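Here is the structure we will look at, set down as structure tokens.
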Amino acid sequence: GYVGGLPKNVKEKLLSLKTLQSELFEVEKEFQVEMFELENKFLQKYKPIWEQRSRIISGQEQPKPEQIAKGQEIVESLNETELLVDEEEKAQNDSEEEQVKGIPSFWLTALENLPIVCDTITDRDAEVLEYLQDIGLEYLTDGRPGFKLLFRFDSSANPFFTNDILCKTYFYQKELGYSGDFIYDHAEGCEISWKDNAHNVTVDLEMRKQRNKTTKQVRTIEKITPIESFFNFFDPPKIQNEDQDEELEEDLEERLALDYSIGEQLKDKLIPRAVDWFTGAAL
Amino acid sequence: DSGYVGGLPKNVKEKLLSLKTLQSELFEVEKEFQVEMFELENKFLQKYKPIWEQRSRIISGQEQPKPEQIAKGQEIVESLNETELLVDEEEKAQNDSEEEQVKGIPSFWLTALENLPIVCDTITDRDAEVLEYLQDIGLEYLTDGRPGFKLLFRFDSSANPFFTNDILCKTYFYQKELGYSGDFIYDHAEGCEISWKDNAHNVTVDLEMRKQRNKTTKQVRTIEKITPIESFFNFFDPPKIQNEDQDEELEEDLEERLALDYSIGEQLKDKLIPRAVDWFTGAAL
Amino acid sequence: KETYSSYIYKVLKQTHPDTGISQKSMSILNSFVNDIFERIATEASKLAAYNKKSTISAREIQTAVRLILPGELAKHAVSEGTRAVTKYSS
Amino acid sequence: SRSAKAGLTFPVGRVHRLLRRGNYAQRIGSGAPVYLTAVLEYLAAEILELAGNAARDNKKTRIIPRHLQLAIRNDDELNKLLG
Amino acid sequence: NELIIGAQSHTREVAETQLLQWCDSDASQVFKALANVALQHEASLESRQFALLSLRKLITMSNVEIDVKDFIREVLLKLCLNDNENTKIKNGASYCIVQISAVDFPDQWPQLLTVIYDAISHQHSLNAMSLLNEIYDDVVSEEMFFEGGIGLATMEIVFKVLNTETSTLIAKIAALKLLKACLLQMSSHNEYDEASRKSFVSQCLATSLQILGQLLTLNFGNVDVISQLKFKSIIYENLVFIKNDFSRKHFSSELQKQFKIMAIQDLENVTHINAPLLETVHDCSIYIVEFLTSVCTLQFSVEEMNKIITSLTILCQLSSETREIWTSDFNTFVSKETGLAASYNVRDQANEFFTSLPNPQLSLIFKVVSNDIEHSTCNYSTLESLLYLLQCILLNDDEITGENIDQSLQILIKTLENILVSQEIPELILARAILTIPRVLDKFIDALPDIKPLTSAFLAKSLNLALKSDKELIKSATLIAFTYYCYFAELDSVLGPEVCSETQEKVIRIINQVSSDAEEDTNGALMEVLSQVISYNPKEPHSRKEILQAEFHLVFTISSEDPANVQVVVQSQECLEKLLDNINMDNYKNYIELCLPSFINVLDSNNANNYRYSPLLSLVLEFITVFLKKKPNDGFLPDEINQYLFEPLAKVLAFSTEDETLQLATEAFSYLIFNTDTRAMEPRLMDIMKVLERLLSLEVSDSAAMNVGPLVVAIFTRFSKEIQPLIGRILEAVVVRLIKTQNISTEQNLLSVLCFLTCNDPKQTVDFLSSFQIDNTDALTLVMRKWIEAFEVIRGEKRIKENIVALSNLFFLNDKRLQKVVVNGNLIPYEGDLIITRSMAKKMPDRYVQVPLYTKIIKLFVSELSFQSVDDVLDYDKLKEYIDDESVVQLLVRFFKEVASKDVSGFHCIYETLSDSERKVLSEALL
């Protein structure tokens, strides 16, 4: 205030400072572009490791003795002696071991150990998540900057939906949000092609066979009512803000905060740290 | 669940060990990622240096705005809301001779620091007295030697009556290994020994003087006392460790002081200098 | 601009846990607080400069409060000021 | 914090910095800012209690500028002090 | 019916307020009844007026009436527009519509606004244009005027109305009134260069100037003189507004020239009219002369000057009403001639016009006026108007000059002399000549050789005429002429000292006469005249007491008539200070008898009133003090001053009960007691004690009490040896007041008095405080405790040092009572960090602890040392030995050293209870 009230020397100096601030903002935009370039470069390196561990989890690939020895050394250094092998376990025959190819409920257990997401999991969701194979992440290069999330389900054996892969997208605002980071923009997701309503874990089902009392017609009814679930992660909040959605926009903003928290948790902890969260050591 | 963990077949335990090895490999990849980020951040600090120096010259009055930058600042003001900078008719009637009697922006850096939430709480008025002479706050990344970042505080010896050091700098150091989350983790910090002109002007200590014909020792002796006191300039000379005392006393010292010191350093480095103008005017809040 | 927001809320809740206040009235209260501070500090400076002591001590503040506030208000302001000084001096 | 040490919620730091920028004296006794902050918080608490009284007079638990003005009206001595 | 009658019957007012406060369905019922009354314009007139009033008041305001509100709105539009509706009903509808626009529809209420717009454009309903004028007055906005498009549409309507010559003259009046409204709204946006608004302004002004050029060229025979006069008035008011407010570019100089010619012709026509008509003529001439003033820069032709001068002569002549008013009461003449009168008329506008001319035009006007007044000398009827025109010309602050100015000036001077001499000359013409001669001399102070003899002769002649003639108007006019003479030249130099004294005497006599029946503003004028006389009062040895005492008595008589008159009071201050500014030794003993008794008269007069506040009373107290101080008074004041002043001042202080009088009388009385001889004062020293006893008592405000302390200082200083028996009275009164008073300054002053008494004698003060009791407790218990409490907040190094000395005496005395007396103050905060309000503190106040007075004063002094500021060894009696081997700090350190030397018996015991921090403060102070 009084700095403005000071003579025009101070005002002109502050005007020059604001011009330099705009120039610094341009430099900061180019800085953010370079950071995204390098981040994508190293995400290309991240992806092979995540895919390899997903193959191990699903049983599509087997470990190797050198990897097992290195993991033994790493566990011994970590002090997490729970993973250590015992002679009683060694007594198990190959036939007993091969009864399950992948780790039973690996992703389900990891998400259960996760602080917030586990709350969203119901029993039917837990059953469905057993068919979840991989979780993938990607960056949005075109248009608005952002990152995309992917899940892989063994749709061939999945009795709930035919979606082979489900992808979740996030968006950021056009310019640089203050403090030099990006602020969220609304998110979009896919729709699940449920095989039937009974298997639809996002829905509770009611079956009715009736003879109408008014028209005396004969009819069989299949009825639907949505319920909360881990797959409510999909069908995300529609739009950031629109005239017709305001009443919806309330819940959209609340669920946007919650879903962005969940997605940040995924991106930072789970996808980069899956082993410890499954075992619970990350707790 | 320990029971479940025991329940895992030996083969699945081997698979989990392999997965942990993959996690370690991801950790090394994160190390390389952080190295690349540090290098390019140093490059962009070099890129920022010209603009920061120019705004510092503007703040100190060593340079005067040009009409082109003046117009650019005006059109930026028209954007958002900064009409405080729009020069009125009354000021145009003024003359540079009258205006230039005060050169630079008074207490620019003092105000910028005191507007910063965490750090301002440590600045006492005695410290703020020195901050009046602060005219520059610079960043330096310890590319050479141990990793870390160094903060630089500049003064004029011929002007300030407190110390003969034109530049006071603070240093932060990270460990050779990354943190669990993938971010950098901290190592013991260090600070410079302030070259106080005299102990009276020294701001980190309180002194007493007395002279007694002490009969208890048959000594006509003069005594001096020095006591460390709380002050922002304690931000330098950070704590250090001695094993036997480290285990009992300095455990809590590292638990408390290091957390606050690192928080203050990070807040400065990130929030303050990149938005020095907004922080001075408070728009960065 | 003056901001005593969180502390105004704390004081209100301590006085009335079930009561709240709107930010505009809070800014008006900040204006009142600033005016009170200005008058007290100005007259205390008057007293300090008047005496060769040249210092604004707690005595200067107490005298300024006694001169400014009405009888009961002055007495209670002095009471709480001395309370705070004694608590702080511990 | 100094405010916590004295039990005050208002920040003694802000009052001390206002005194410094005003430069009301060449030196300020350390107890002086504590005393001034305590007085300011006393008056703020008085005004807030009267504002609660006014909001109750308005059958509401939320204080608004109308309630603050009515509260100032309610207390004659503070009415003349604040004006 | 009951709804209307009850609302318009005390049932009438009860029902009206009940209606207004309802904002209820009950209102909708009575509102329905009133709306039906309004609709039936064929009957129920008075109830319709009442309904309109109530609706106007109601709209200012819970909205159940909304259903019936719109019905009455739609009815009210018709009620306003239908010209057959009654006048008052129409006005009610119109301003109700304006109020509704203000509250409900600040933006256009489309139905009403468009309907009135169309009605004005087509049918030309005058009431509609009046409604639009008030609408623009009240509810429109400049942004709405420019960008809302209302301004352009309105201006187009008005231009169409003025263009359609078939429009009636009254329609032209309405159109021009609305055009003034439009220009007023337009000029409000002085921020020109706004492209849309600037273009609108340019087009509007160009069209308006063209049309007003057309309108004036019209002629209307003799159809209606009143309407024609209003038409010309509004046209020229438009033109004056344009010429004044808008830029020179808009109103070009060629248009100025042609409008000037047309305005001169209009002056001719308006003067020829009169073959309330006169009032309309005066108004139209006011506006025409305003326009002529504005265009005065342009050239003027000889015939043009002749026309202007003759027309103004006809216009400016006093109406018989004004002449009768002035002749009946000279007070009105004094008020108007002095400029204090508020009325503005044609003559004032002529004054404005003449003052503004440039030098060549001004010279030509002066020549023409001199030539005309030469001929008009025989024609007395127009003479006063022409004299006033000459006065206005000469009042123009510019160099009247020209070729033949000398001869015309000789003729003018001769004419003025003849006017003065002639006995049959009418009164007002003589008065105007008297007031005009000073201007004539002033503007020709040069180029008029023998100016000094002529000034002497004219001043003497005018004064003689004023004295001899007994027409009070002439007397006041001559006083004003004297006032004008004073500014013109140094009368003493031109008159000489003897003649100057004679003129002072004569003017004093004139003031004495006219002052009999002066009005308050006339009193102010007389005070100014007397101020002028006083200045010439020679301070040289020629000074005579006759003139001085006459001036003093006049000053007091003039002001005494209206004491509450503040302006007269301040002018009396000025005159009185100019009187007292004289310095001559022997006569300052004559002033005691000369002036002082006049003051006593003022004091006695207020006595019946019990000396309630009066600006004159404050003035006299102030100047009594100023006189007492101004007198040499290096030695004792002459005893005569005491004999006069003491009794009136004693009564004033004993009886008055308001702050200002008590304060001023107290300071004056203190000075009198201080400077007078103690011997002569000694016998009446008792009376001062009665005064002091009265003031210290609570029957007076504390504002008086605090000033008592210095008065007691004076009493003890002058009468240190007679006071002793009276000390008990003073001490008991001051102590009883101190314990009861709570004002900070008052108790500080009373404690200063107590300190003064203790320094005078500590044992005596202790004894009185112990013996005297209030509420059946020893005063020392209350007095010492309150003293210590107050000392915590005493201010000033002087009072602090006095407190230190007094408490030192108390400590040394070491009586039992001073030991037993324990004081309140040692604080522990109340439990909890919660902020204690007054309501809270009623149950949870902070707590204090008590110590003997000696410990308390030791703690207080230690604290003060702290504030002003192995060494921690205990047994400080030994520390003194190690240490021993004018400011507060120095004196107090000396006090502590002496205490440690002497009072070890009690001081050591106190020291033991002392805390370690206090001991550290004591140690560091000992350095």
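Going down the list, the protein sequences come from chains E, D, C, B and A. The deposited numbering numbers the first residue of the first sequence as 83 and each following residue consecutively. The deposited numbering numbers the first residue of the second sequence as 81 and each following residue consecutively. The deposited numbering numbers the first residue of the third sequence as 37 and each following residue consecutively. The deposited numbering numbers the first residue of the fourth sequence as 17 and each following residue consecutively. If you count by the deposited numbering, then the fifth sequence holds residues 4 to 12, 16 to 67, 80 to 293, 302 to 895, 927 to 942, 963 to 1004, one letter each, in order. Idealized CB from N, CA, C, for every residue including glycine.
**Message:** Below 8 angstroms on the Cβ atoms is my contact criterion, and I expect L493(A) with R535(A) to pass it. Report the Cβ-Cβ distance as a whole number of Å.
**Reply:** Locating residue 493(A) in the fifth sequence gives position 467, counting from the first residue. Locating residue 535(A) in the fifth sequence gives position 509, counting from the first residue. That belief holds up - the Cβ atoms of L493(A) and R535(A) are roughly 7 angstroms apart, short of 8 angstroms.
**Message:** Using C-beta distances below 7 angstroms, list every residue in its chain close to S81(C), excluding the 5 sequence neighbours before and after it, in chain order.
**Reply:** The residue labelled residue 81(C) in the question sits at position 45 within the third sequence. Same-chain partners within the cutoff: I92.
**Asked** Does DSSP put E110(D) in a helix, in a strand, or in coil?
**Response** On the second sequence, position 30 is the one that residue 110(D) refers to. Looking at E110(D) - three-state DSSP - the assignment turns out to be helix.
**Prompt:** Name the residues in the segment 67-99 of chain B whose C-beta lies less than 8 angstroms from a C-beta of chain C; which are they?
**Reply:** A67, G68, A71, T77, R78, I79, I80, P81, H83, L84, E93, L94, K96, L97, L98
**Nearest candidate by alpha-carbon position, reference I862(A), set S125(C), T118(C), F73(C), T99(C)** = As a position in the fifth sequence, residue 862(A) is number 836, starting the count at 1. For the residues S125(C), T118(C), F73(C), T99(C), the minimum Cα distance to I862(A) belongs to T118(C).
**Asked** Nearest-angstrom Cα distance between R135(D) and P147(D)?
**Response** Taking the second sequence and counting its residues from 1, one reaches residue 135(D) at position 55. Taking the second sequence and counting its residues from 1, one reaches residue 147(D) at position 67. Roughly 16 angstroms separates the two Cα atoms.
**Prompt:** Based on Cα-Cα distance, which residue from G87(E), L102(E), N175(E), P130(E) lies nearest to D168(D)?
**Reply:** Within the second sequence, numbered from 1, the residue matching residue 168(D) stands at position 88. Ranking the options by Cα distance to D168(D), first place goes to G87(E).
**Prompt:** The beta strand (DSSP E) spanning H268(D) covers which residue range?
**Reply:** Looking up residue 268(D) in the second sequence gives position 188. Element bounds for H268(D): 266-271.
**Item:** Opening and closing residue of the beta strand (DSSP E) in which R290(D) lies
**Value:** Counting from 1 along the second sequence, the entry for residue 290(D) is found at position 210. Segment 285-294, the beta strand (DSSP E) holding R290(D).
**Request:** May I ask you to report which of helix, strand or coil DSSP gives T244(D)?
**Result:** Along the second sequence, one-based indexing puts residue 244(D) at 164. Correct three-state label for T244(D): coil.
**Asked** Which chain B residues sit within Cβ distance under 7 angstroms of residue 14(A)?
**Response** The residue list of chain A ends a segment at 12 and starts the next at 16, so residue 14(A) has no coordinates to report.
**Prompt:** Which term fits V981(A), buried or exposed, when burial requires 16 or more other beta carbons within 10 angstroms of its beta carbon?
**Reply:** Counted from its first residue, the fifth sequence places residue 981(A) at position 904. Label assigned to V981(A): exposed.
**Beta carbon proximity, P106(C) to chain B, threshold 8 angstroms** = Position 70 of the third sequence, counted from the start, is the residue given in the question as residue 106(C). Yes - at least one Cβ of chain B is within 8 angstroms of the one on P106(C).
**Request:** Could you please give me the residues that DSSP links to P308(E) through a beta bridge?
**Result:** Residue mapping note: residue 308(E) aligns to position 226 of the first sequence, counting from 1. Paired residue(s): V285(E).
**Message:** Relative to the C-alpha of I63(B), which candidate in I44(C), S125(C), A110(C) has its C-alpha closest?
**Reply:** Here residue 63(B) refers to the residue found at position 47 of the fourth sequence. Answer by Cα proximity: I44(C).
**Nearest to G271(D) (by Cα), restricted to the options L258(D), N279(D), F253(D)** = By one-based count along the second sequence, residue 271(D) stands at place 191. Considering only alpha carbons, the answer is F253(D).
**Request:** Entirely within the segment 206-289 of chain A and at least 4 residues each: give me those alpha helix (DSSP H) ranges in chain order.
**Result:** 213-235, 243-263
**Request:** Return the CA-CA distance between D81(D) and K93(D), expressed in angstroms with no decimal places.
**Result:** Locating residue 81(D) in the second sequence gives position 1, where the first residue counts as 1. Locating residue 93(D) in the second sequence gives position 13, where the first residue counts as 1. The straight-line gap from Cα to Cα measures roughly 14 angstroms.
**Prompt:** Who are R873(A)'s beta bridge partners in DSSP?
**Reply:** One-based indexing of the fifth sequence puts residue 873(A) at position 847. Note: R873(A) sits in a beta bridge opposite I854(A).
**Interface residues of chain A facing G23(B) [CB-CB closer than 9 angstroms]** = If you number the fourth sequence from 1, residue 23(B) lands on position 7. Within chain A, the residues near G23(B) are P855, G858, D859, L860, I861.
**Prompt:** Between the beta-carbon of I203(D) and the beta-carbon of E194(D), is there less than 8 angstroms?
**Reply:** The residue you call residue 203(D) lines up with position 123 of the second sequence. The residue you call residue 194(D) lines up with position 114 of the second sequence. Against a cut-off of 8 angstroms, the Cβ pair of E194(D) and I203(D) comes out as a contact.
**Message:** For the segment 790-821 of chain A, list every residue whose C-beta sits within 8 angstroms of some C-beta in chain C, in sequence order.
**Reply:** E818, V819, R821
**Request:** Rounded to whole angstroms, what's the CA-CA distance from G822(A) to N87(C)? Just pull it up for me.
**Result:** Here the question's residue 822(A) lines up with position 796 in the fifth sequence. Here the question's residue 87(C) lines up with position 51 in the third sequence. Going from the Cα of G822(A) to the Cα of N87(C) covers about 6 angstroms.
**Item:** Of the listed residues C621(A), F742(A), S542(A), nearest to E577(A) (C-alpha basis)
**Value:** As a working mapping, residue 577(A) is identified with position 551 in the fifth sequence. Closest by alpha carbon: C621(A).
**Prompt:** Buried or exposed: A94(C), going by 16 or more other Cβ atoms within 10 Å of its Cβ?
**Reply:** Against the third sequence, residue 94(C) aligns to sequence position 58. It is buried - the Cβ of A94(C) has at least 16 other Cβ atoms within 10 Å.
**Asked** Run through DSSP, which three-state label would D263(E) get?
**Response** Residue mapping note: residue 263(E) aligns to position 181 of the first sequence, counting from 1. Strand.
**Asked** In chain order, what residues of the same chain lie with their CB nearer than 8 angstroms to the CB of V395(A), ignoring the 5 residues before and after it?
**Response** Mapped onto the fifth sequence, residue 395(A) falls at position 369. These residues qualify, in order along the chain: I335, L412, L415, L416, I419.
**Request:** Decide if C404(A) is buried, meaning its Cβ has at least 16 other Cβ atoms within 10 Å, or exposed.
**Result:** Numbered from 1 along the fifth sequence, position 378 holds the residue referred to as residue 404(A). By the neighbour-count rule (16 or more Cβ atoms within 10 Å), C404(A) is not buried but exposed.
**Request:** Could you name the residues of the same chain whose beta carbon sits closer than 6 angstroms to that of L196(A), not counting the 5 residues immediately before and after it, in chain order?
**Result:** To locate residue 196(A), count along the fifth sequence from 1; it is residue 178. If we look at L196(A) and ignore the five residues flanking it on each side, its Cβ neighbours are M147, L150, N151, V176.
**Item:** Neighbour flag for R119(C) against chain A, beta carbons, 8 angstroms
**Value:** On the third sequence, position 83 is the one that residue 119(C) refers to. Chain A, which has a Cβ nearer than 8 angstroms to the Cβ of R119(C), makes this yes.
**Request:** Please name the residue or residues paired with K250(D) in a DSSP beta bridge.
**Result:** Translated into positions along the second sequence, residue 250(D) becomes position 170. The partner list for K250(D) (beta bridge, DSSP) reads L231(D), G271(D).
**Request:** Jot down the residue ranges of each uninterrupted alpha helix (DSSP H) in the segment 464-507 of chain A, minimum 4 residues, whole runs only, in chain order.
**Result:** 477-494
**Message:** Applying the 10 Å Cβ sphere with the 16-neighbour rule, what's the burial state of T319(A)?
**Reply:** By one-based count along the fifth sequence, residue 319(A) stands at place 293. That one is buried.
**Asked** So, using beta-carbon positions, are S205(A) and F264(A) closer together than 8 angstroms?
**Response** Along the fifth sequence, one-based indexing puts residue 205(A) at 187. Along the fifth sequence, one-based indexing puts residue 264(A) at 246. Result yes, Cβ atoms of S205(A) and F264(A) sit closer than 8 angstroms.
**Asked** Using DSSP with H/G/I as helix, E/B as strand and the rest coil, what is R355(E)?
**Response** By 1-based counting over the first sequence, the position of residue 355(E) is 273. In the structure shown, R355(E) sits in coil (DSSP, three-state: anything other than H, G, I, E or B).
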